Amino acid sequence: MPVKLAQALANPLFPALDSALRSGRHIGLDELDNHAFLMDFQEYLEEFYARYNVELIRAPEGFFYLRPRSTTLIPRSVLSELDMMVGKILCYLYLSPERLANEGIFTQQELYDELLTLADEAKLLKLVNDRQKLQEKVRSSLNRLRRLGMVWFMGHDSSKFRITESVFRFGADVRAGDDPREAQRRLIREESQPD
């Protein structure tokens, strides 16, 4: 192994960040130490994690994550369909023109209201067996998406949260200067992966 790959593994930040990565957490800018850590050693941690048949991926929006190949040595898991939907609406909220002024801060109530109007009524209701049950499930997905590094809790509660640039993993594909919000709306209808 190279010398500064050893300097990375020797850093007091690595065991906490290595575990977070292996659990599927996305490391955005808001974790400056961990983010700057992966910036200076990106070339070396890529080789290290490549030995687990996973790829340390830096998305074009600056955030890091591990993406496992089919032959990963770290067991993989998937987000539920409701969790995928909530993340997709979290990114619609991130695409909103107020996001710069609000710093990505939204309420669980704002997420409820966008979720009911933006999502297809037929499919969303088949993700339960109502609406106050759907609230406690949305709160469950947001805790899962907080663990993955998609939101930060503003308080001890899921009621106020800041959305992270890592939410772009739930965003459709866009180019030129097309409005990504309509593309997001049509889209809305161990290693835990958001696929």
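Quick note: we count residues from 1 along the sequence shown, nothing fancier.
Q: When you step from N129 to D130 in this entry, do you jump over none, 1 to 3, 4 to 9, or 10 or more residues of the deposited sequence that have no coordinates?
A: Gap between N129 and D130: 4 to 9 unmodelled residues.
Q: From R189 on to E190, does the model leave out none, 1 to 3, 4 to 9, or 10 or more residues of the deposited sequence?
A: The entry has a long gap there, with 10 or more residues left out between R189 and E190.
Q: Using only the Cα atoms and their B-factors as the entry lists them, report which of 113 to 121 and 88 to 96 averages higher.
A: On average, C-alpha B-factors are higher across 113 to 121.
Q: When the Cα temperature factors in the entry are averaged, is it 137 to 145 or 46 to 54 that ends up higher?
A: Of 137 to 145 and 46 to 54, the stretch with the higher C-alpha B-factor average is 46 to 54.
Q: Is the Cα B-factor recorded for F37 in the lowest, middle or highest third of its chain?
A: Tercile = middle for this residue's CA B-factor.
Q: C-alpha B factor of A176, ranked within the chain: lowest, middle or highest third?
A: As the PDB entry reports it, the C-alpha B-factor of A176 lands in the highest third of its chain.
Q: Based on the entry's values, in what third of the chain does the Cα temperature factor of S19 lie: lowest, middle or highest?
A: According to the entry, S19 has a C-alpha B-factor in the chain's lowest third.
Q: Sorting the chain's modelled residues by C-alpha B-factor, tell me whether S159 ends up in the lowest, middle or highest third.
A: According to the entry, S159 has a C-alpha B-factor in the chain's middle third.
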